[PDB]
């Protein structure tokens, strides 16, 4: 099949680094520089063979057409109320960016409030974060260009939707928190740095600061409120307590679910916000997470993992703050993860649990923690919620594998709490009842039972004959829960595919013990789990190695690239999106230093020994057996991915093409596509989202020779 030749790519054989006595060659180190003519020529040469490979088979156009048609349905988010007005996001179906609407009442005529689509032709300027003032009369919103994590914060007066002059630059990984006096807003910014700050640079992000911006002034007048010059990795995010009296500062270092918690009683400020605040260091270590729910006077309710891997609710009274004095308000469940908690209608708590990777939602009494009400749900996920302390109603959104889902509304002023369907839209073309979702638990190599969701047409024979698409992540305490995907359902209905999602270790599905079972020394458990999932699918007759595709993104990109090196015989096709591929150097770039809490760092001899064993970049190797080759591989990245710098994929693909691509037994393609005006994925315009899934499933169809099923 292979009609093209791989590009010439220079190998710098002098690029040799010593890691604790282990010599490491890095002959594509030069691809780390995004601005060189050499790297630009590399990207161009690579896209030049990938694109015509992707678009040769009629199948791309059929998939694209079907994706365009089926994805074109109305998409609503959760209403939420702010001051006198209700807001929601809505996309008519195929707008690049969803639009923010406003109404003066739940029944009232809605109008456009913020439409990002007018800010660019190609929809590559996207909303990233926002915060209303406490009275709902002012509005701050972050804009990101071309997919970058970099943000510019702008402001509007809600009444009349008037643009204000205030502009905040150098915002990244930022809180947005207005003081209740409506005077201004906390946010984070990074000091100036040499070179570019647009998403194409690789420079490490250090010394994040906390500022306060007084509305109606220039950024240069902003007050510095917290900084950690002795700890360049610390990140301090601010929020105001529900009563406006306290600034709560959550300090993070890395990606672990832990934080310091300092507070500032604003009323104790000598003269308002004029400099570094009088922080009281309530929790001054990184031993646990303390996520503010609400407070009453000095009694502060937090969701925590302190002594509770599945999370619980505690009350810490600032006037009596020793741990031995804390009250357990809602104790830890023996198995179920308490995902998030909100306070609504003064004295209700809304708790969301994860029970075997499905959400439940319950109402509890603030005073006692006692359960008052269960909101019934089908099997799936809660993905949107609104209802704050002063609100007297909630909205929440249910989604699953087979339906776009339902937005519920509940008037909490009623004696009987009847949640009612607020929005529900059907996707005609996909009849949910032709398909089934099953959950099974398969043993991993050490015997640990791993959950897996399988979605497939009803009535199929388990004869190994179906193409399968297996998804995984396995990291960072992230739970992979049911979500609605038109793109994956087209693979099912129109490509005859079986979809599967493996809840491997590293995620949050079973609390912190599940997270710890897939990080640091034990990162190999993630790859073992995911390999064992593929083997389950094969052994039970859902698919066969030659028809199996694996997919994951970012940390999941690492997952699938590692599995390709480790078990090339198990997979027919591998699509790795925005993957971390150089595990020896990831910490050097942008925000990579934050991931060491899951991965370790190559500066440590112990950690190096874990990393070198699975680093995708450092484990590309011809399979020993003559009858075994590497799967077809597609790496997807983009030139403004400042989350996972695209050098990871560039170096990885250069290595694959040289070590494996040049062998005579390698007939499967090893390709990269680097998109432009795009980044990690957040805020990607519909047009690109459609191009992307069309590329992926066309790659799959062509490598596995799957006919379209009309």
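Positions refer to the first chain, counted from 1. Note that the rigid core is defined as the largest set of C-alphas that superpose within 1.5 Å between two forms.
*Asks:* Rigid core superposed, root mean square over structures and residues, which stretch has C-alphas farther from this form in 5 other deposited structures of this protein, 417 to 425 or 555 to 563?
*Replies:* Farther on average in 5 other deposited structures of this protein: 417 to 425.
*Asks:* Identify the stretch, either 578 to 586 or 540 to 548, whose C-alpha atoms have the larger mean B-factor according to the entry.
*Replies:* Mean CA B-factor is higher for 540 to 548.
*Asks:* Please compare 480 to 488 with 98 to 106 and say which has the higher mean C-alpha temperature factor in the record.
*Replies:* Stretch with the higher mean C-alpha B-factor: 98 to 106.
*Asks:* Which one of 557, 384, 331, 129 shows the biggest C-alpha B-factor in the PDB entry?
*Replies:* Highest CA B-factor of the listed options: 384.
*Asks:* Among 675, 32, 642, 69, where is the Cα B factor highest in this entry?
*Replies:* Comparing C-alpha B-factors across 675, 32, 642, 69, the top value belongs to 69.
*Asks:* Would you please rank residue 237 by its C-alpha temperature factor against the other modelled residues of its chain and give the third it falls in: lowest, middle or highest?
*Replies:* Its C-alpha B-factor belongs to the lowest third of this chain's values.
*Asks:* Grab the CA temperature factor for residue 696 from the record and place it in the lowest, middle or highest third of its chain.
*Replies:* Lowest third, going by the recorded CA B-factors of the chain.
*Asks:* If you rank the chain by CA B-factor, which third does residue 117 end up in: lowest, middle or highest?
*Replies:* Middle third, going by the recorded CA B-factors of the chain.
*Asks:* Could you tell me which third, lowest, middle or highest, the C-alpha B-factor of residue 41 occupies within its chain?
*Replies:* According to the entry, residue 41 has a C-alpha B-factor in the chain's middle third.
*Asks:* Can you tell me whether residue 185 has a C-alpha B-factor in the lowest, middle or highest third compared with the other modelled residues of the same chain?
*Replies:* Residue 185: CA B-factor falls in the lowest third of its chain.
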